[PDB]
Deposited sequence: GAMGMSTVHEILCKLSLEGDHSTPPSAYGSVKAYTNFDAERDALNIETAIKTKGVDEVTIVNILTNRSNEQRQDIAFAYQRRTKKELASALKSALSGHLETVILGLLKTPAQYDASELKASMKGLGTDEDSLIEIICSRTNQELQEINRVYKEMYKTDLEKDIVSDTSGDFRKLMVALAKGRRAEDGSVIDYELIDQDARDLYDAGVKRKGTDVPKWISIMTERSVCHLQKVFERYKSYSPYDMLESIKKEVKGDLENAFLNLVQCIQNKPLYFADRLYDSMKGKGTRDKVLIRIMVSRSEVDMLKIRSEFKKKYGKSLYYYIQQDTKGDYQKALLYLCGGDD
């Protein structure tokens, strides 16, 4: 929040913003520049106030009006920015249902409290439980892992550290995998879904005291396929959530064109949470800024919108 790139605008005036956006929408050809400039420089909560004031004045819902007025990747970004975080995450989950990397990315990186609100909003929008949908769309151990993660019931022992449990969990992960001939997948799932993220960072550290390979290397040796890929993503997300996002951003822009669904989703969803840490990890790893990469990979008003969500560079 302190680590978000998008901050609450000072001296906020919803009605001013709604008049200005209406004018922009009705400009011949559409004044996209103004729409992007405003909405990318307001908090999500402020955008809700703007939507409310817009409908009151015009008798049109802002999101509907913008669906009609905008298109292409610009439209995706702007409509995503208008959704509340829970609505946005719920709708991105639904869209990922199959895209296992994206389901992990969303589910691994939200708080318990965000996950409860996502579950509630998902049922409301889609009239089915998120967990029922996951069970439908997935199978085997990846289904078990996803179901467990989606419940959003990681332990929350403030950060009162339990050094004994850290050690026991680390030994248990080792005994369940690298120490023995097969792999006890339910034990890995249990530990990695039921403990807090800070606890698990310490477990993975302590783990190295017992295992000749770190957690990521152990995963590579112990499991295969979709489930291997899922655990690797999950462990990265736990060990360093900003670097995880930075790597997903870099990968979204590599080579020819862009995986715009991923890029958009990250820039919208992490804009008010940790985009400054993501930037910092990205620059540290890749040498140039996130801003520089977005700028080289996208164009037009869509690019401008994403560069505002990035927020600049250091």
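Judged by missing C-alpha atoms, the gaps in the deposited chain sequence fall at residues 1 to 25, 123 to 126, listed in sequence order.
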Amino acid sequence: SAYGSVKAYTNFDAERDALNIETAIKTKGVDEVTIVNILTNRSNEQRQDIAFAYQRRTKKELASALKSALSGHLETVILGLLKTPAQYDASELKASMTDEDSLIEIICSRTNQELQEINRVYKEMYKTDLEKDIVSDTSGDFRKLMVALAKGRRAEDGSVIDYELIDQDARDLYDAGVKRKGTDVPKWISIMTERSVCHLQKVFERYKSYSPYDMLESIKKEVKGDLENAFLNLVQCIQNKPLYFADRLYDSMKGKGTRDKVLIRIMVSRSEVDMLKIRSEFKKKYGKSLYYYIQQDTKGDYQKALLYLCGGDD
From here on, numbers count along this sequence of modelled residues.
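For the pair 235 to 243 and 143 to 151, the mean Cα B-factor is higher in 143 to 151. For the pair 132 to 140 and 225 to 233, the mean Cα B-factor is higher in 132 to 140. Per the deposited coordinates, the residue with the largest Cα temperature factor out of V160, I106, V77, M192 is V160. Annotation for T84: CA B-factor lies in the middle third of the chain's modelled residues.
Among all modelled residues in this chain, the alpha-carbon of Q116 has a temperature factor (C-alpha) in the highest third. In the deposited entry, the Cα temperature factor of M215 places it in the middle third of its chain's modelled residues. Sort the modelled residues of the chain by CA B factor and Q296 lands in the middle third.
Annotation for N11: CA B-factor lies in the highest third of the chain's modelled residues.
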